[PDB]
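Peer 1: below you'll find the sequence and an experimental structure to go with it.
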Amino acid sequence: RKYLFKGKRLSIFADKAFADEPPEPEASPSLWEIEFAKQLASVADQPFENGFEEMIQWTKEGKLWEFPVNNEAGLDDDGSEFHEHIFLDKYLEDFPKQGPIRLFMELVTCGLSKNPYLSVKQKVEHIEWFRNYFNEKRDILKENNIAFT
Amino acid sequence: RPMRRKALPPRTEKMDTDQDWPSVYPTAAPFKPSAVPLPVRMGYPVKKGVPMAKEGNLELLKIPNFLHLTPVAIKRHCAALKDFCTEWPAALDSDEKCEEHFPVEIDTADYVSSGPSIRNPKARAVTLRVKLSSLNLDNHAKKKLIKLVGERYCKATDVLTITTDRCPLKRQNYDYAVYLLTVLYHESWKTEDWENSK
Amino acid sequence: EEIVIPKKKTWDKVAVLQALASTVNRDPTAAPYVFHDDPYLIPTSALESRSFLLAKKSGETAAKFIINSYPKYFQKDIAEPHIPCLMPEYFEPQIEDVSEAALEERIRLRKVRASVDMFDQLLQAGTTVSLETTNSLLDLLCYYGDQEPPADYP
Amino acid sequence: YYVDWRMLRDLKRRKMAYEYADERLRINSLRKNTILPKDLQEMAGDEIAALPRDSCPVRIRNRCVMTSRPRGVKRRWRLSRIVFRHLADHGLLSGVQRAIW
Amino acid sequence: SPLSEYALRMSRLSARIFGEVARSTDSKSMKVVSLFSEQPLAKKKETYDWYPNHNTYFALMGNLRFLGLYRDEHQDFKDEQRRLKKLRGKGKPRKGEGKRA
Amino acid sequence: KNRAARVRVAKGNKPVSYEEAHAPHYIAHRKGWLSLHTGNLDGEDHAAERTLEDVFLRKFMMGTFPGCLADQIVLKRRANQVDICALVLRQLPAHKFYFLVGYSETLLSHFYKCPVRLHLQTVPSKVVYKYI
Amino acid sequence: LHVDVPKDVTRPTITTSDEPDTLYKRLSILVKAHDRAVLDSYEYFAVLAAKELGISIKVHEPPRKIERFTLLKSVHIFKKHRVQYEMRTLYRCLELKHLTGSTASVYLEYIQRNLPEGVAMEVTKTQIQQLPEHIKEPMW
Ligand SMILES: [Mg+2]
């Protein structure tokens, strides 16, 4: 008799041959859409039932460590590569191609390649400091027969 | 006039002997004398005295109890965790069989400690171990490979050990050790004119 | 000859805890987990149930007040990885200059009266305001109906 | 408030040495070698001297974090022998016991 | 024994591969590699964070005591000794009005 | 004579608890450790930081529950979680404990940036091991 | 629960990828603690858990380490009178074998999450992989 899905319908609308044609984020989430979502969450918001459900919520919030333990979780050094940390001679092009300054900077870049506590950006900054230092000391170097830049 | 609240009787009294104990202690919790239906006693006893009772027992509270981990729970836990596991290939039934198809061994270490920081400096280090027999090396190549690596090569086991910890992260140190192997292998095959003067 | 390596299964960070939770059931002899597990602290009646969960929330709000009012004492971060939800919150605008950008901050922070003052000031100067930015102001005002967002404080 | 004025002075020495660590590293590197002209090395010998004295990291002293005691400190806990004994003898240090053998 | 040409040229080929110092460097000049390969003492977390922030603890607990959420038995002890001392007329003099003019 | 952590004999009228009765040389023999972390194990770091955090957490709980603590608190660190287990006298009303638990947990989680939980076992009165 | 039981409990979603899985020849778990009995219970829990998931496990006890240091007993002078303290570290090594990467993550998570207080783990995974494709063929 009172069949839920058998009988006449309004028929104002038609079958959705095309579905969800406009994207859900038509614009950046507005205050109206941001607030309705918060209310939907409260609809199913019930208190913790055991220590598992509490730890699940802490994990979703980042409060509790993820397992298995990864000692480098969230620790990506600018998405670098091993070759960037190890091969640093590209940055010594401005320096003299030979001579005492080249011999010294070779030692500097050798240590920087073996430094696990510095990022590529910090390693480059050590190189740049010496470039500007010797430039300021152009006159003292020239007396010693060393030509810089 | 002031009313002091009365504590309810411990809920252990309402616990049946055929209860579902895993449900009582789902996760690691401190010992609660009102939830553990056992007449447990702990404490060195005074002369003509018995060990102290569970109620108000600091010593039982100081113990890392395993009530949450019981043989009945562990079996019910691992039953759910079976869907996660994947099957080891049957063909690799021996250690020698593994060396045949997968000669390269990469060692990586994790560390678990208690504190706010999950950081350990030792987690970056990586160690690669390969046998020279597994590598396709001519008589010339093997001699050159063994001189370049120095003490990394072990004659007794014929295993080359490359340990890389210079880079900050573990993914960089791992990629570096694989790189070191390629250069050492390819360089060993290359023959230089100065080598004829040995 | 070639060995067949199994295809690795993957799961969410909470998948393992969710699996362990499925095994356990409700303890029939215990009060809800929210309530403290002690005979003295178990809610006897329905009033003490609600009153105990209103004193707990009251202490949580008392702690957040201290943290959000003296933030300099809760700023040292010693947690690796960094936990954003355990840091002090700041809700007052820190952009002093009167620009369309400053108005956008107030709109983001949801201050209604302050944003109206800076929007009118922008009109007084006559500086251009984007239609999108003007709509973000109306959204805040229309949704809150010209009234400051409800909050509780001393 | 820190324990005393001596702990405060040390705290500032530790915060100014952190600021000048890179600088004193780069300049001091120019002197700890035999590859650069002695004229440059003599000049870097003066730039390092010109930096503030509290930048020098050898003026830091390890003091008990709770009592500011200069000597008798244990570096693993940063506590003096006297303060460490109070915590150990009470069971408040995890795993520390008396040594009987 | 001495290193023949084959021995020396192999060592340079190895150092070139393993990113070690390739030239002949004196012990003095090897400190530059050490300085730039090791974190300086002042940059290590133990040095710059040797102390707890004593200002944060003293200020925070003082603020909590005034909000009524923390009780300092020590401070209440001192607060009453000052009250009693002031009644006895031994209280702190005002600045600039000390016994000596 | 050794005076360290010894509750000296009176005339039979001083009620000492199990923890108080035992001198330091019984640590690891008859009585355990009040704090359990991994920072004093061999080849482990951050002993200084765990020990300082404990000292504060003990002074904080005393002031937050003044006169309501029957014995010393027990601190348990697992992963980044901190757990405070305290025997508390039944002096205060029940709802007051719910406030102090919510307050002390939230405040200590935002101060050390770790999840902190408070576990309270209420006793009718202090438990006396022996009268000394 | 006597009469009230869940009907269709929700279970996490485990989707098999198309990437090949890691192959761990060995996986050494060195747990450390001040208390031997805690290691015995964890050894029982871990060995029982390994056996229930099909993992092959072996256990041995590395020699214990005791670190002793001396301090001065008096606050002032009285040099000759000292007090000595010690810390004891005890070890239990769980040597697992022939594990895929999915089996080693779920097992390590399960046993790492249940690591008692005062116990520190030191996992040492040993992966096995083929040779780099460049190394396979010598190229000049
Ligand atoms: Mg000194």
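Peer 2: Yep, it's here. Numbering: from 1, shown residues only, chains lettered A, B, ... in the order given.

Peer 1: what's the burial count for residue E:62?
Peer 2: For residue E:62, the neighbour count with other C-beta atoms under 10 Å in any protein chain shown is 14. For every residue, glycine as well, the C-beta is placed using N, CA and C.

Peer 1: where's it, which helix or strand?
Peer 2: helix E:54-66 (DSSP states H and E).

Peer 1: what does that helix contact?
Peer 2: C:66, C:70, C:72-73, C:76, D:1-3, D:7, E:70-72, E:75, F:56, F:63, F:111 (C-beta atoms under 8 Å, 6 or more residues apart in numbering or on different chains).

Peer 1: give me that answer again for 10 Å
Peer 2: In this structure, residues lying in contact with helix E:54-66 by C-beta atoms under 10 Å, 6 or more residues apart in numbering or on different chains are C:66, C:69-70, C:72-76, D:1-3, D:7-8, D:11, D:65-66, D:68, E:53, E:69-72, E:75-76, F:52, F:56, F:59-60, F:63-64, F:103, F:107, F:111.

Peer 1: contacts only, for the residue in chain A positioned nearest to chain D.
Peer 2: At 4.3 Å from chain D, residue A:144 is the closest residue in chain A, using C-beta to the nearest C-beta. Residues in contact with residue A:144 (C-beta under 10 Å, 6+ apart) are A:99-100, D:36-40.

Peer 1: ChimeraX command to pick out the buried ones of those residues?
Peer 2: Entered in ChimeraX, the line below selects the buried ones among the contacts of residue A:144, by 16 or more other C-beta atoms under 10 Å in any protein chain shown:
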select /A:99,100 /D:36,37,40
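
Peer 1: chain G: which of the contacts of residue A:144 is nearest?
Peer 2: If you rank those by distance to chain G using C-beta to the nearest C-beta, residue A:99 comes first, at 34.9 Å.

Peer 1: just give the number of residues close to the closest residue to that closest one other than its chain neighbours.
Peer 2: Leaving aside its sequence neighbours, residue A:99 sits nearest to residue A:146 (C-beta to C-beta, 6 or more residues apart in numbering or on different chains; 5.8 Å). A total of 18 residues lie near residue A:146 under the criterion other C-beta under 10 Å.

Peer 1: give me the secondary structure label for residue A:146.
Peer 2: Classification of residue A:146 by DSSP: H, G, I helix; E, B strand; the rest coil places it in coil.

Peer 1: hang on, the earlier thing: from residue C:4, how far out is the residue of chain A closest to chain D?
Peer 2: 68 Å (C-beta to C-beta, to the nearest Å).

Peer 1: also residue D:89?
Peer 2: Residue D:89 sits 62 Å away from residue C:4, going by C-beta to C-beta.

Peer 1: between these two, which is the more surrounded one?
Peer 2: The neighbour comparison of residue D:89 against residue C:4 (other C-beta under 10 Å) goes to residue D:89, with 21 against 9.

Peer 1: and that one, how far from chain C?
Peer 2: According to C-beta to the nearest C-beta, to the nearest Å, residue D:89 stands 28 Å off from chain C.

Peer 1: got a list of what that residue touches?
Peer 2: D:96, D:98, F:2, F:4-6, F:23-25, F:27, G:83, G:85.
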